[PDB]
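Topology and contacts: notes
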Amino acid sequence: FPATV
Amino acid sequence: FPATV
Amino acid sequence: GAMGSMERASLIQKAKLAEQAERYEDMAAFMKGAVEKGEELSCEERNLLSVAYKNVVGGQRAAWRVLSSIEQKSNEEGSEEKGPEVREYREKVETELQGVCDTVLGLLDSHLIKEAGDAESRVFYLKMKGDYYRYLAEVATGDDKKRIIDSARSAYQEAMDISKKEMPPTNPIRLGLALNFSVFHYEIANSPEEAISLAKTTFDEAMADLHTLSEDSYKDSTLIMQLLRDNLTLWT
Amino acid sequence: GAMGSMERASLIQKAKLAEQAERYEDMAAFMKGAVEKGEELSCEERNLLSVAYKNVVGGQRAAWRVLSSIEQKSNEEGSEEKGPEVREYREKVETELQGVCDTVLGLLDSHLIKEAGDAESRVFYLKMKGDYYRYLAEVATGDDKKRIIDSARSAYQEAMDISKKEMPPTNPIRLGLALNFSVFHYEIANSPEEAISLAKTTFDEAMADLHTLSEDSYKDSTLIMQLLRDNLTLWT
Ligand SMILES: *CC(=O)NCC1CC2(CCN(C(=O)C3(Nc4ccc(Cl)cc4)CCOCC3)CC2)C1
Ligand SMILES: *CC(=O)NCC1CC2(CCN(C(=O)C3(Nc4ccc(Cl)cc4)CCOCC3)CC2)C1
Ligand SMILES: [Mg+2]
Ligand SMILES: [Mg+2]
Ligand SMILES: [Mg+2]
Ligand SMILES: [Mg+2]
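Named according to the PDB entry, chain C is 14-3-3 protein sigma originating from Homo sapiens. Anyone opening this PDB entry will find it titled "Small molecular stabilizer for ERalpha and 14-3-3 (1080297)". For the record of chain C, the UniProt heading Sequence similarities holds the text "Belongs to the 14-3-3 family."

And the structure:
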C-alpha cells in the first residue's frame with residue numbers, strides 16, 4: 001500500500 | 001521477561 | 001458519553017498514557033471525550049486525536065483487507081463452498097470500521113471544523129474529513145459510493161485550496177494533506193496521472209522552499225517529502 | 001451470551017479467520033462462544049482457545065507494565081505530583097485484565113476441566129488455570145494475594161503430576177507446562193532455585209528422549225527446549 005500520514 | 005507459551 | 005464526568009485535562013493526560021501503552025482504542029475514547037467538552041483543540045491535542053483514530057482504523061483496514069482477500073478467493077472457480085461465515089465476519093469488521101469513521105466524521109462536523117479559523121487547524125480537520133470519507137470509500141459498494149468518494153474529494157479540495165493560500169509549501173500539514181490526496185487520486189478516484197502530478201509538484205515546490213527552514217523544520221519537512229518520493233517510486 | 005445463536009462450527013471457523021486477521025479479541029469471543037456450547041474441545045480447538053486469550057491478556061499485561069512503571073516513577077522522590085490519573089488508568093487496565101482472567105478461569109471451571117479425562121486435555125487445561133492465576137498474581141497486592149499464588153501453584157502441580165505419569169518427557173504440553181511453572185517459581189513464588197532446577201531437569205529429560213521421535217516431533221520438542229535453555233541463560 002502507498003504511504004499516508 | 002522470561003519465555004512462556 | 002462515558003467520559004462526560006472526567007476533566008478535560010485528565011482525558012488529555014490519559015490519552016498520552018494510552019499512547020505510551022499502545023492502547024489506541026482507549027486513546028481514541030479519551031480524545032473523543034476531550035473533543036466533546038466543546039473547547040477548541042490545541043496543536044498537540046489535534047495530533048493526539050488524529051494518532052488515536054488513525055491507529056484504530058488502520059488496524060480495522062488491515063483486518064478488512066485480510067478478510068476481503070479470503071472472501072474474494074472463496075468466490076473464484078473451483079473454490080469449495082464454505083458457507084456465509086467469511087462474508088459475515090468481513091461484514092462485522094466492515095460495520096465496526098464504518099462506525100469508527102462515522103464517529104470521527106461526527107466529531108469533525110460537531111463542531112471542530114466550524115470553529116476552526118486558523119489555517120493549520122482548518123486544513124488539518126478537512127484533511128481528516130477527507131481521510132475518513134476515503135476509508136468509507138474503500139469498503140463502499142452501494143448506491144452512495146460515488147457520493148462518499150465525492151465527499152472525500154470535496155474535503156481534500158477545500159483543505160488544498162486553504163493550504164496553498166495560507167501555508168508555505170514545506171508546512172508538514174500542507175505536505176501530509178497532499179500526500180494523502182494524491183493517494184486518494186491513485187487508489188480511490190482511478191486517477192493515477194493526477195496522483196503522480198500532485199505528488200511530484202508538491203515535492204518540487206517543497207524542495208524549493210527548504211532553504212528558508214531551521215534544521216528542525218527541515219527534518220520534519222523532508223521526512224514527509226520522502227514519503228511523496230516513496231509513492232512516486234511505487235507508481236512510476 | 002452474544003454467540004448463543006451461532007453454530008459451534010461457524011464460531012470455530014470465525015475464530016480461525018480472526019486469527020488470520022490478528023483480531024484476537026474477536027477470536028477469544030468466538031472461542032468462548034464455542035466452549036459455551038458445552039461439548040468438549042478437540043486438540044485444534046484447545047489451541048485456538050489458548051492462542052486467543054494468550055494474545056488478549058498478553059497485550060493487557062504489556063500495557064499494565066508500562067503504566068505500572070510510570071506510576072512507580074511518579075512515587076519516587078522529587079517526582080512532581082500529577083494527580084490520580086496514572087493510578088486510575090493503571091487500575092482501569094488492571095480491572096480489564098482481571099476480567100479476562102476471570103472469564104478464562106470461568107470457562108475452565110464451567111466445565112472444561114471436569115470433563116477432561118485424557119492426559120493431553122487435562123494437563124493443558126490445568127496449565128491454563130495456572131497461567132491465568134499467575135496473571136492475577138502479577139497484579140495482586142491485597143488480602144488474597146497468597147491464595148491467588150497458591151491457586152496458580154496448585155493447578156500447575158496437578159498438571160505436573162499427571163504429565164509425569166502419562167506423557168513422555170518430550171511431549172510439547174508437558175514441556176510447555178514445565179516452562180511456565182518454572183517461570184512461576186522465578187517471577188511469582190520468589191523461588192529462583194526451584195525455577196532453575198525444574199527448567200534444567202525438564203531440558204535434560206527431554207534431551208534423553210529425543211531419539212524416539214520423528215523429524216516433525218523432534219522439531220516441535222526442540223523448539224520448546226530452546227525456550228527452557230533461553231530462560232536458564234537469563235537466570236544463570
Ligand atoms: C499545529 C497543529 O495543528 N499540529 C497538529 C499536527 C502535528 C502534525 C502531525 C504530526 N506531524 C508529522 O510530521 C507526522 N504525521 C503527520 C504529518 C502531517 C499531517 Cl497533516 C498528519 C500527520 C508525524 C508522524 O510521521 C509522519 C509525519 C507533525 C505535524 C499536524
Ligand atoms: C492435542 C492437544 O490438546 N493440543 C492442544 C495444543 C497444541 C499445543 C500448543 C501449541 N504447540 C506448541 O508447540 C507451541 N505453543 C505451546 C506449546 C505447549 C503448550 Cl502447553 C502451550 C503452547 C506453539 C507456539 O510456539 C510455542 C510452542 C503444540 C502443542 C497444545
Ligand atoms: Mg456492509
Ligand atoms: Mg494542479
Ligand atoms: Mg485494582
Ligand atoms: Mg523435582
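A closer look at the interface of chain B and chain D
On the side of chain D, 14 residues touch chain B, which itself brings five residues to the contact. Both sides of the chain B and chain D interface together cover about 770 Å² of buried area, and 65% of this is carbon and sulfur. Sorting the residues of chain B by area buried against chain D places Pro 2, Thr 4 and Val 5 of chain B first, and these three jointly supply 73% of that buried surface. The interface formed by chain B and chain D holds three residue pairs in polar contact in total. Taken together, the residues of the side of chain B that touches chain D break down into four nonpolar, one polar and no charged.

What to know about unusual backbone geometry
Residues and elements named next belong to chain C. A cis geometry characterises the amide bond from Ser 110 onward to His 111, with omega recorded as 5°. Of note, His 111 is situated in helix 4 (residues 85–115). We note that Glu 22 has phi near 55°; this positive angle belongs to a residue other than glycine. Along the chain, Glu 22 falls in the loop between helix 1 (8–20) and helix 2 (24–35). By relative accessible area, which is 61% here, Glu 22 ends up exposed. Positioned with a positive phi, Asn 190 is a non-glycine residue whose angle comes to about 55°. Its location among the elements puts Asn 190 in the loop between helix 7 (172–188) and helix 8 (192–209). Take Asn 190: its relative accessible area is 68%, and that puts it in the exposed class.

About the cut-offs
- Residues numbered from 1 in each chain as written, not as in the entry; some residues may be left out.
- Chains lettered and ligands numbered in written order.
- Heavy atoms only, no water.
- UniProt positions renumbered as here; feature names shortened; annotations may be inferred.
- Contact = heavy atoms within 4.5 Å.
- Buried area = accessible area lost by both parts, 1.4 Å probe.
- Polar contact = N/O pair within 3.5 Å; in protein donor to acceptor, adjacent residues only side chain to side chain.
- Nonpolar A, V, L, I, M, F, W, Y, C, P; charged D, E, K, R; others polar.
- Helix = DSSP H or I, 4+ residues; strand = E, 2+ residues; numbered from the N terminus.
- Buried < 20%, exposed > 50% of the residue type's maximum accessible area, 1.4 Å probe, protein only.

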